[PDB]
Amino acid sequence: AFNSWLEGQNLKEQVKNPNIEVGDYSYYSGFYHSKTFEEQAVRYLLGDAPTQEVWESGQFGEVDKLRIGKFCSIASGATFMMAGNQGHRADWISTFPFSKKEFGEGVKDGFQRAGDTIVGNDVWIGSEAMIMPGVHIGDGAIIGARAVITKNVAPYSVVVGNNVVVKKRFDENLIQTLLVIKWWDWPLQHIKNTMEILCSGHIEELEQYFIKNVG
Amino acid sequence: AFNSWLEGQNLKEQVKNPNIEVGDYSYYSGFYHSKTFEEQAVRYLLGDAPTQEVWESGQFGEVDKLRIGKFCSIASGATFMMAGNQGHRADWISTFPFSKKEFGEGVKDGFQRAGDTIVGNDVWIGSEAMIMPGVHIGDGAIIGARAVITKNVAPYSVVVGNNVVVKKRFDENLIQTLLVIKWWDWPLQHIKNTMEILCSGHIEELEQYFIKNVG
Amino acid sequence: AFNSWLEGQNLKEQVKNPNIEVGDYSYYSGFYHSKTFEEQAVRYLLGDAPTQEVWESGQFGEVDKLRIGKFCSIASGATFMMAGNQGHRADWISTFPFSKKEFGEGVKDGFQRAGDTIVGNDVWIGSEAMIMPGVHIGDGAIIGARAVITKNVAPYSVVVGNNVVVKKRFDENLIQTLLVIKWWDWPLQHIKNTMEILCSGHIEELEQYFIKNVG
Ligand SMILES: [Cl-]
Ligand SMILES: [Cl-]
Ligand SMILES: [Cl-]
Ligand SMILES: [Cl-]
Ligand SMILES: [Cl-]
Ligand SMILES: [Mg+2]
Ligand SMILES: [Mg+2]
Ligand SMILES: [Mg+2]
């Protein structure tokens with residue numbers, strides 16, 4: 001797994017679940033939680049080891065998948081909760097998932113999909129954070145450690161605690177310029193050339209390089 | 001212990017501690033935390049294996065017990081903190097638990113009981129939630145994931161985060177109905193007959209069943 | 001390891017990292033998380049085992065240290081985040097730690113020290129609490145279970161949740177008295193004699209003893 005906490009495992013090369021969509025360079029640094037990204041960070045997703053056979057038989061059908069963009073930093077212990085409500089329905093008299101074996105016919109399947117969990121590009125997710133099912137995280141967003149995300153996260157927003165939005169990393173205009181140029185989609189050599197600008201707050205410099213050289 | 005995350009260990013089968021009392025059909029689905037319910041979920045409860053020979057000595061006083069109702073759904077990582085204050089006294093000059101062997105006979109024992117933590121029936125406890133000592137949880141309540149419950153939970157209420165009370169599952173009249181009919185105490189065949197109403201929101205239909213069949 | 005949750009490993013006798021200072025009698029009780037104080041509780045601090053070879057080479061120079069006082073109680077899962085920002089810079093266009101091997105030499109290191117994490121004396125840190133980098137915790141303070149401390153904690157204050165200050169343990173003048181007498185620094189004999197007073201809320205008697213015999 002991880003020999004040290006200075007280690008960062010590339011995700012697109014490793015993940016095998018046909019329901020986890022990762023981008024380039026995105027990594028999971030989970031040394032202090034031992035297990036890999038697919039058996040510790042992604043939870044209750046059909047198409048894994050302990051669940052592979054059940055997924056290949058096609059018993060449950062289509063699933064909610066996890067999509068992660070490029071240049072994402074996923075810290076140790078971060079958790080992506082899938083499988084939606086897992087059969088529990090608060091609007092029903094009972095939240096207990098009765099089984100047809102023990103309780104016969106008339107058992108209505110309470111499961112209902114919550115939608116795909118989508119993580120944008122250049123997203124930093126803090127250690128031991130937890131994402132709820134069906135949550136969209138915009139590009140450039142930052143998730144604090146031990147945060148519990150229940151709602152969609154605006155791009156370049158910073159969210160702490162139990163879905164407390166602190167601030168946006170930049171002015172709204174500059175945020176929209178970054179959302180238009182999309183440096184993460186650039187060819188590698190352009191990113192290598194503009195790395196000095198990327199290691200800075202000078203957004204409009206990056207925009208000028210984009211207009212002159214990329215777009 | 002757990003071979004998959006669609007597995008749920010029935011609790012009243014496999015719990016050995018005389019200080020735990022769990023009702024029928026209540027399960028714990030703890031795949032993503034490996035160990036069993038008594039090893040991971042219940043913590044600092046005198047009578048488990050690592051303290052057995054010390055607890056059978058009777059040197060400690062009476063301790064608070066854990067009682068869980070029936071048809072409870074305990075997700076992975078949920079935790080029931082026991083042992084009260086564990087000897088730490090915030091009202092004392094020092095919260096450090098001095099040992100008699102190291103600091104002499106003048107050591108006063110600071111442990112104080114908190115009361116039995118009691119969980120009702122048809123209670124859904126989210127993943128990695130943590131219940132503090134002395135807490136009663138009403139029937140039909142829902143505890144959100146990663147929630148920290150420090151106060152008593154009203155029946156059929158939904159509590160998230162740091163004991164933030166979101167709402168109640170139904171109108172108070174219908175919750176009174178559910179509280180007086182108590183479908184969890186019914187014989188099994190009546191539950192099998194009313195399964196399709198239990199998988200619905202029509203409470204007064206179920207109450208008509210209780211009136212005309214159960215008593 | 002940990003035989004039971006009733007035992008707590010003495011930290012001063014055990015800690016090997018040179019970047020960690022810990023006072024007398026302070027213990028770590030971490031049975032419900034298995035591994036030692038230095039592998040589970042202290043995270044992302046060079047000098048431990050998996051990074052020892054990196055620390056001996058002087059590759060990253062000086063680093064933030066962890067300083068723990070005397071008579072501290074650290075429960076299982078209490079985690080101290082080190083390594084500051086880990087190269088992630090919210091102020092820059094990208095929070096991604098680009099590597100000089102994969103990208104151009106124009107990569108600028110975004111790591112930043114957060115200052116030493118300092119825990120005072122007579123501190124009780126609840127189970128699975130998280131202490132962010134650079135946090136100072138005053139003497140006699142109490143951290144609640146699963147609390148996330150991101151600011152400095154005043155001496156003899158109770159902090160639960162996400163840096164929610166509940167109250168202070170005693171009156172301000174008595175807190176001052178404790179902060180001036182500092183019983184934890186006394187010769188162990190005087191602590192032994194005072195044991196009946198420390199196991200109480202009688203700060204005045206402790207001050208009288210200090211005036212008569214210690215000061
Ligand atoms: Cl990271
Ligand atoms: Cl189901
Ligand atoms: Cl690319
Ligand atoms: Cl569940
Ligand atoms: Cl403790
Ligand atoms: Mg510039
Ligand atoms: Mg109906
Ligand atoms: Mg006295």
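Colleague: Describe the overall build of chain A, listing the residues and the values that go with them.
Modeller: On a plain count of helices and strands, chain A comes out with 8 helices and 15 strands. With the C-alpha coordinates aligned to their principal axes, the bounding extent of chain A is approximately 70 × 35 × 30 Å. Pairs at least 24 apart in sequence give 49% of the contacts found in chain A among residues at least 6 apart.

Colleague: Help me get a handle on the coordination of the magnesium ion (ligand 8), residues and values and all.
Modeller: Taken together, C:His202 (ND1) and C:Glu205 (OE) make up the full set of protein donors to the magnesium ion (ligand 8), lying 2.2 to 2.3 Å away. Judged by its relative accessible area of 37%, C:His202 falls in the partly exposed class.

Colleague: Lay out the coordination of the magnesium ion (ligand 6) in plain terms, naming residues and giving numbers.
Modeller: Coordination of the magnesium ion (ligand 6) by the protein involves A:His202 (ND1), A:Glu205 (OE) and A:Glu205 (OE), with metal-donor separations of 2.2 to 2.7 Å. On the basis of relative accessibility, which here comes to 41%, the residue A:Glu205 falls in the partly exposed class.

Colleague: Just give me the short version of the UniProt feature "binding site: Mg(2+)" (unreviewed entry) in chain A, but keep the residues and values in it.
Modeller: Residues and elements named next belong to chain A. The sites that carry the UniProt feature "binding site: Mg(2+)" (unreviewed entry) are, in the present numbering, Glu205. Among the structural elements, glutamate 205 can be located in helix α8 (residues 203-214). Reaching out from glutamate 205, the side chain makes a polar contact with the side chain of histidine 202 at a distance of 3.4 Å.

Colleague: A description of the nonpolar core should follow, citing residues and the corresponding values.
Modeller: If you look at the biggest cluster of nonpolar residues, it comprises 79 residues, and the most contacted ones within it are A:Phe37, A:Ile137, B:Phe37, B:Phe80 and B:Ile137. Elements represented by at least two residues in this core include exactly β5 (66-68), β7 (79-81), β10 (130-131) and β13 (148-149) of chain A together with β2 (20-22), α1 (37-41) and β5 (66-68) of chain B. If we ignore the near neighbours within four places in the chain, the residues touching A:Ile137 are A:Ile118, A:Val119, A:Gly120, A:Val123, A:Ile125, A:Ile131, A:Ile143 and A:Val153. Ranked by size, the runner-up nonpolar core spans 42 residues in total, among them B:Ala83, C:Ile20, C:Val135 and C:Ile137.

Colleague: Describe the side chain of A:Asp48, with residues and values.
Modeller: For A:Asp48, the location among the structural elements is in the loop between β4 (42-43) and α3 (52-56). Buried and unpaired, A:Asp48 has no salt bridge, with A:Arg43 as the nearest side chain of opposite charge at 10 Å. In this structure the side chain of A:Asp48 is engaged in a polar contact, spanning 2.8 Å, whose partner is the side chain of B:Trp5. Filtering out sequence-adjacent residues up to four positions away, A:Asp48 remains in contact with A:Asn17, B:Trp5 and B:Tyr32.

Colleague: Which residues make up the relation of the copies chain A and chain C, and what values go with them?
Modeller: It takes a turn of 120° to lay chain A on chain C, together with a shift of 0.1 Å along the axis; the resulting RMSD is 0.3 Å. The relationship between the two copies is best expressed as a three-fold rotation axis. Here only 7% of the contact residues of chain A are again contact residues in chain C; the copies associate through non-equivalent surfaces.

Colleague: Can you tell me about the interface of chain A and chain C, naming the residues and giving the values?
Modeller: Opposite the 42 residues of chain A that make contact, chain C presents 37 residues. Only β3 (27-29), α6 (188-193), α7 (195-198) and α8 of chain A provide two or more residues apiece to the side of chain A that touches chain C. Among the elements that take part in the side of chain A that touches chain C, α7(A) stands out by supplying 4 residues, more than any other.

Colleague: Account for the packing of aromatic side chains, naming residues and giving values.
Modeller: Residue and element names in this part refer to chain A. Per the stated rule, a full pass over the model turns up 59 aromatic pairs over all chains. Ring centres of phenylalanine 2 and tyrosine 28 lie 6.3 Å apart, and the angle between their planes is 75°; this geometry places the pair in the edge-to-face category. One end of the pair, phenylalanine 2, is in the segment before β1 (9-10); the other, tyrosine 28, is in strand β3, and 26 residues separate them in sequence. A residue is classified by how much of its surface remains accessible, and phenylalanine 2, at 13% relative accessible area, is buried. Taken together, a centroid distance of 5.2 Å and an interplanar angle of 5° make the contact between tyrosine 25 and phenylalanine 71 stacked. Separated by 46 residues along the polypeptide, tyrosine 25 in the loop between β2 (20-21) and β3 and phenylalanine 71 in the loop between β5 and β6 (73-75) bring together distant segments of the chain. Residue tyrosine 25 is classed as partly exposed on the basis of its relative accessible area, which comes to 27%. Given the relative accessible area of 2%, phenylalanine 71 is considered buried.

Colleague: Requested: an account of the sheet that holds β6(A), with residues and values cited.
Modeller: Residue and element names in this part refer to chain A. Ordered in space as β1-β3-β6-β9-β12-β14-β15, the 7 strands form an open sheet in which the pairing is mixed. Strand pairing shows two members of the sheet lacking a second neighbour, β1 and β15 (164-168), which therefore form its edges. The pairing of strand β9 (residues 124-125) with strand β12 (residues 142-143) spans 2 bridges and is parallel. Along β12, the bridge assignment pairs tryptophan 124 with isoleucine 142.

Colleague: Residue-level account of the relation of the copies chain C and chain B, with values.
Modeller: Of the transformation superimposing chain C on chain B, the axial component is 0.1 Å and the angular component is 120°, with the fit at an RMSD of 0.4 Å. Take the interface residues of chain C: only 7% of them recur as interface residues in chain B, which is what a contact between different surfaces looks like.

Colleague: If you had to explain the pattern of salt bridges to someone new, which residues and values would you point to?
Modeller: Across all of its chains, the model carries 27 salt bridges over all chains by this definition. Across the pair A:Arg43 and B:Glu128 runs a salt bridge whose closest N-O atoms are separated by 2.6 Å. Linking A:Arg43 in strand β4 with B:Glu128 in the loop between β9 (124-125) and β10 (130-131), this pair reaches from one chain into another. B:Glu128 carries the same exposure label as A:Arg43, and that label is buried. The network of salt bridges with shared partners includes C:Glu21, C:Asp64, C:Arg67, C:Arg113 and C:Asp116.

Colleague: Just give me the short version of the environment of C:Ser34, but keep the residues and values in it.
Modeller: Structurally, the position occupied by C:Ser34 is in the loop between β3 (27-28) and α1 (37-41). The exposure class of C:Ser34 is partly exposed, given its relative accessible area of 40%. Along the backbone, C:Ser34 and C:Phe2 are 32 residues apart, and their C-alpha atoms lie at a distance of 6.6 Å. Aside from chain neighbours lying at most four places away, what touches C:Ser34 is B:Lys35 and C:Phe2.

Colleague: With reference to specific residues and values, describe the packing of helix α5 (residues 172-181) of chain A against α8(A).
Modeller: All names here are of chain A. Here α5 crosses α8 at 30°, and the two axes come no closer than 10 Å. Seen from above, α5 lies across α8 with left-handed handedness. Mapping the contact onto sequence places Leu174, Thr177, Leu178 and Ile181 in α5 and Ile203, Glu204, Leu206, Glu207 and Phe210 in α8. Here the residues of the contact of α5 with α8 sort into 6 nonpolar, 1 polar and 2 charged.

The rules behind these values
- Residues numbered from 1 in each chain as written, not as in the entry; some residues may be left out.
- Chains lettered and ligands numbered in written order.
- Heavy atoms only, no water.
- Residues with missing side-chain atoms left out of burial classes, pairs and counts.
- Helix = DSSP H or I, 4+ residues; strand = E, 2+ residues; numbered from the N terminus.
- Contact = heavy atoms within 4.5 Å.
- Donors = N, O, S within 2.8 Å, 3.2 Å for Na, K, Ca; no water.
- Buried < 20%, exposed > 50% of the residue type's maximum accessible area, 1.4 Å probe, protein only.
- UniProt positions renumbered as here; feature names shortened; annotations may be inferred.
- Polar contact = N/O pair within 3.5 Å; in protein donor to acceptor, adjacent residues only side chain to side chain.
- Core = buried A, V, L, I, M, F, W, Y, C linked by side-chain atoms within 4.5 Å.
- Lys, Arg positive; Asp, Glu negative; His and termini not counted.
- Salt bridge = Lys/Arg side-chain N within 4 Å of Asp/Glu carboxyl O.
- Least-squares fit on C-alpha atoms.
- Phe/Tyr/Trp six-rings, centres within 6.5 Å; stacked < 30°, edge-to-face > 60°.
- Pairing = 2+ DSSP bridges.
- Axes fitted to C-alpha atoms, helices over the stretch in contact; angles between N-to-C directions.
- Left-handed = near helix turned anticlockwise from the far one by under 90°.
- Nonpolar A, V, L, I, M, F, W, Y, C, P; charged D, E, K, R; others polar.

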